């Protein structure tokens, strides 16, 4: 239902490049509709390749784990590498529709060596401090996934950077509070709100 053969053909090409295992860990609230929707989406996504595993934990049954991953917004899924460690990559909401690009890229960067990158960028990425990036998106926003994938790639490389995709349409009170008028919007820690499309260099500069 979620993925047509047209898209499975595309994603099969990318998931052939996976050299390492990857775990998608959902924190499932059984009484919320969006959680069960996310489970359905992730179940079908995980069946696209053997190296992708879906693990399910019920919300409010593992407080130690929820602390460790910083599980606040719902619905929620986090990415773990082959060793079982938290990559810093999180999705708050369902990355369906056009955000499938973000989940695919995140899984690729965690499940492989990644694309070859300029050494100047590589050393700038490793040089960053402790950071928490929130990338606000809508499911129909065409320029959003590229910004999510750039931020979430930094998180995959640097162990202290964390990158959370947030479907802002699911959190209307946060939209008014932080004044998220356009999208993609990007919030680093608390502090700095950055609207519009951005490059890897610009994102690293705002994270410096």
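Residue numbers count along the first chain shown, from 1.
- Between the stretches 120-128 and 105-113, it is 120-128 that shows the larger average CA temperature factor.
- Looking at mean Cα B-factors across 130-138 and 74-82, the upper value is held by 130-138.
- Annotation for 194, 18, 22, 25: 194 ranks highest, by Cα B-factor.
- The PDB entry assigns residue 59 a C-alpha temperature factor belonging to the lowest third of its chain's modelled residues.
- Among the modelled residues of its chain, residue 47 has a C-alpha B-factor that falls in the middle third, as given in the PDB entry.
- Ranked against the other modelled residues of its chain, the C-alpha B-factor of residue 173 as given in the entry falls in the highest third.
- The entry lists a Cα temperature factor for residue 150 that places it in the lowest third of the chain's modelled residues.
- Residue 182: CA B factor in the highest third of modelled residues in this chain (values from the PDB entry).
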